[PDB]
Every structure is written in structure tokens, then in C-alpha cells.
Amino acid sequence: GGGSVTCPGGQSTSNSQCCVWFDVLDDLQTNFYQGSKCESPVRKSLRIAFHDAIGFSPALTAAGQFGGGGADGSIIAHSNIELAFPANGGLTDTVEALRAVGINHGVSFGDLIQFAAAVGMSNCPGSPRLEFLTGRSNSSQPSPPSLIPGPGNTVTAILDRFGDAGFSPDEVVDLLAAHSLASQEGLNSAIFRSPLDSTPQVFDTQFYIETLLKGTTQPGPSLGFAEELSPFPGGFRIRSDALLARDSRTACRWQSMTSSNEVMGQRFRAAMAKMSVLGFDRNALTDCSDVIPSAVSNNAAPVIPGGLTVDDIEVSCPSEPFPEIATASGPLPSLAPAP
């Protein structure tokens, strides 16, 4: 009930509580995203959205311990503690930028983190319009350690961690679609911002396709932590991604994610919707999704690049034949570092 309202700025929204977010939106797009760009800040933001929310463990709670508050913005309010975690390196600068936006505009760290991620993705072509709820308390307790899955973890360990959090193997695969807009800076400092897929600025299925290709080249002088050979020069491949793409428990869902950008988009949206509210009752929050702008549509079709073919794909789903995917001519492409 209530009805649509008009904000002070003339914008139309579903609830009055959404109005303050239009100010944050202008701030982020203007400053943080340096003109609504899809570069490092967007990737850092998405990474932070995950690392804040994932600090939620029903298992710890069942053992009589604090299991973490989930998407409570603890990674910021307790950055001194959480940024010490193995998986939270290279986030400090982004955390400080977000801390200031939240403090000034007066929005909670929890809400802001999920907001920034949704807004950031709208700057990258092909991205779906993520759900955005507001109303998370700004208060939090530091996240317990060892709750973030690591690149060197076995699939069994990764599935267990996510399972505890509330995600099925299929959902973990869906969640990894975020690596379609990713690079690494801390695994191998020798090759700064080496992309995970051939399109670090396009939310597409390229990540799922290329991760299944045979690893043939080494991007840098030496291998970094949890690094595997990749298919293209300049490209990077995380061990956990390589394993998940080929493990019988996740192989078919991963393969199903290669030919359809639309299917990928909603799967990621649904999985993200659940992650963004870990540690909260979504019914206690307010839906402000209409604040999130739409992104440019991706008209490029999925493809096996560089002259490689299905024969270069290490098909891991025994029950389904690899989908029909276009191929290309020209040589093997050299991937430039993500912007």
C-alpha cells in the first residue's frame, strides 16, 4: 500500500525511502565511477558486495558462536579487522571511498555496499538490473574469520561454505557470473589487472566459455598464487574457477551458462538477491529497485574466440553435448589489462 511518490528532484519512485538514494546515485556515478564508467571501481565494488555478505554462517550459530551479520557493512565498519583476512586484499582504497559516501549521505554501510554494486554493473553493457532493498542497520559486529571461500580451496570446501551460507551448487555457479567483469591484482602482481575473460567490461557468458578452454599459455614471468594456465596471452585463470567448471557437481550448470546471456542474467540476479540480504529479513526492508538505472544491452553473441573450436573445449557435462557456439578466425587474441 501507499502508492508511487514523487521525490524532491522530480523522480518517480515506489517508496519515499528510495528518494535519498537518487542523491547517492549521482554522487557515485559522478565521482566513484568517474562518469558512469565500468572500470576497476565497479569490479572492486562487486567483490566487496560478496565479501561483506558472505560473512554469515548458520553452522557457527549452531555451535553457539557468532556466525556473522551478513550484508551488514561490517567489512567497512570493521575494516581494520576484516581487511586483514586473506581474501580481502586490495580493497582498502575502495572501502575508504565507500565509507565517505555513506557517512556524508547518511546511508548505512550495508545498504550502500549492495547499492554501489548494482549501480556499478549498470555501467557495464549486458548487465541485468539487480534488485535493491534498503533499510539495513548501519550497526554491525566484525565478521568471524575464515568465512570467505579461497581460490586454493577444493570444490568440496567451496560448496560446503556456500552451502552453509544457504546456496546450492547451481547457485554458486550462477554467482560466479560476476567473474565476467573481473581481473586480478593480488594473485600475480607481475601482470596487474589481467582479466578473467576476454570482455572485462561486458557482462556476458564469455567467462563460462573461456574457462572451459584448454589452458595453454602463461600470462606472466612466473605463476602467482592459485594460478592455472589460461587460453589466451594476457588472460588469467583462477584454480577454483577451473575446478568448478570441470567438477561433476557443477559442470552441467556451468556448461548451461555458455550460450545464453539472458538466462545468465536472471540466474545471477536471483542469486545476488539472496546474497544481498544475508543476515536480514527481506520483508523488513524496502524495495527500491526502480532507482537502479538500466544498462546498455549486449548485442554481441557468445563465441569461442581466436580460431579455437569445441575441440579446444574440455567438455565436462557427460549428459549434455556442448551447445552451438559461434567461432572466429584471426589469430589467438592478446588480452589487455582490464581498465
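Throughout, we count residues from 1 along the sequence that is shown.
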| item | value |
| --- | --- |
| Residue range whose averaged C-alpha B-factor is higher in the record, 214 to 222 or 127 to 135 | 214 to 222 |
| 286 to 294 set against 310 to 318, stretch whose average Cα temperature factor tops the other in the entry | 310 to 318 |
| Position of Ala53 among the chain's modelled residues by C-alpha B-factor, lowest, middle or highest third | lowest |
| Relative C-alpha B-factor of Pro195, binned into the chain's lowest, middle or highest third | lowest |
| Entry-reported Cα temperature factor of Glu227, expressed as the chain third it lands in | highest |
| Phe66, C-alpha B-factor rank within chain (lowest, middle or highest third) | highest |
| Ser108 - which third its CA temperature factor falls in, relative to the rest of the chain | lowest |
